[PDB]
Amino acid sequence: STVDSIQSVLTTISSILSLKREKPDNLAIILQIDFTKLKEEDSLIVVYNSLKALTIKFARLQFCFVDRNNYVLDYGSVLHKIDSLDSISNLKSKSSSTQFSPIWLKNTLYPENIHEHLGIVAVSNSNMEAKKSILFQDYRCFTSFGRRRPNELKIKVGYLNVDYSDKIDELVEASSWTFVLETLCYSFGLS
């Protein structure tokens, strides 16, 4: 926990720096939320602010809200599709029959493919059942010609007592949607 403290920043800072060196022209943020896991819900008001904030640097900022069972709740442009906090809030009470996957996301966000530099950020606070977690998934359908892996950042909100080092790969562990998204903003010189 003290050690969980230190590595959160050390690892969050370090991996976000990896995201940055590939020089993304855009970012796609997939957020998988177990709403009944939020300590305080004013953790959802930081998400909103963080998201809009990121669109100062990335106007074409893309987002995707998955639920705790891996069902897509929404997606599209943060800039144009997120006006209220209701915007984020309402999805709590939103039904869906579409399972998430990178290859869905890719097909859905980029029909004509990817020519720009894209960075993928996967953040989830839901339980680590392999079939439901977005972190456990294979984002390599996003690999560019001449990289052998994508520019993928995978963060887990809420510390783990279990090792998934074989199944997942350079996963980060922080304690808040608040530490994560905010750090992510600081990292781009954002407010």
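Just count from 1 along the sequence shown to find any residue number.
When 14-22 is weighed against 169-177, 169-177 comes out higher, by mean CA B-factor as recorded in the entry. Higher mean CA temperature factor, per the PDB entry, when comparing 144-152 with 131-139: 144-152. For the set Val47, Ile30, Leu160, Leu54, the PDB entry assigns the largest Cα B-factor to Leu160. The residue among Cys64, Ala122, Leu38, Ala59 whose C-alpha carries the highest B-factor in the deposited model is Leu38. The entry lists a Cα temperature factor for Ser191 that places it in the highest third of the chain's modelled residues. The deposited CA B-factor of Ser101 belongs to the lowest third of values across its chain. Ranked against the other modelled residues of its chain, the C-alpha B-factor of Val78 as given in the entry falls in the middle third.
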